[PDB]
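Breakdown of the fold
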Amino acid sequence: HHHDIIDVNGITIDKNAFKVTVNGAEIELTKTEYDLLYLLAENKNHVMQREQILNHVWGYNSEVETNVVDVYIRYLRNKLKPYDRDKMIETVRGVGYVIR
Ligand SMILES: [Mg+2]
Ligand SMILES: [Mg+2]
Ligand code: NA
């Protein structure tokens, strides 16, 4: 076990850097979930096609199956659900995903 959060010399450092702040609390993510959320958020109101999300989050050269995007959208929605934030991630069937 590693201490979740450490304070030393007035510096606060969390074991897991990939957290976002919501309602005075924190949602704890993985790198890939965090990068996916960032992408969608930076592209608010602009629908992102699955292949574009794949390129930006997993890499233009990636050998991963494109449906990994759908998998991680589900993981991210599940992370947002306890904070009633999941509906911000909308599916555009046959295109991709968007935050409005
Ligand atoms: Mg951080
Ligand atoms: Mg943070
Ligand atoms: Na969490």
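As documented in the archive entry, the model was determined using X-ray crystallography at 1.854 Å resolution.

Under the annotation held in the PDB entry, the chain carries the name Response regulator ArlR and is attributed to Staphylococcus aureus. The PDB lists this entry under the title "Crystal Structure of Staphylococcus aureus response regulator ArlR DNA binding domain".

Summarising the sheet, strand β6 (residues 89-92) and strand β7 (residues 96-99) pair through four bridges and their orientation is antiparallel. Residue pairing for β7: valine 92 is matched across the bridge by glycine 96. Where β6 folds back onto β7 in an antiparallel hairpin, the turn is made up of three residues, including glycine 94, whose phi is positive at roughly 80 degrees.

Okay, the packing of helix α1 (residues 31-42) against helix α2 (residues 50-58) next. Between α1 and α2, the least distance of the axes is 10 Å, while the angle of their chain directions is 130 degrees. Taken together, α1 and α2 sit at an angle that is classed as oblique. Relative to α2, α1 is oriented so that their crossing is right-handed. The residues of α2 that touch α1, namely those facing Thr32, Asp35, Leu36, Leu39 and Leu40, are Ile53, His56, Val57 and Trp58. Here the contact of α1 with α2 is composed, by residue class, of six nonpolar, two polar and one charged.

Parameters and conventions
- Residues numbered from 1 in each chain as written, not as in the entry; some residues may be left out.
- Chains lettered and ligands numbered in written order.
- Heavy atoms only, no water.
- Residues with missing side-chain atoms left out of burial classes, pairs and counts.
- Pairing = 2+ DSSP bridges.
- Helix = DSSP H or I, 4+ residues; strand = E, 2+ residues; numbered from the N terminus.
- Axes fitted to C-alpha atoms, helices over the stretch in contact; angles between N-to-C directions.
- Parallel < 35°, antiparallel > 145°, perpendicular 65-115°, else oblique.
- Left-handed = near helix turned anticlockwise from the far one by under 90°.
- Contact = heavy atoms within 4.5 Å.
- Nonpolar A, V, L, I, M, F, W, Y, C, P; charged D, E, K, R; others polar.

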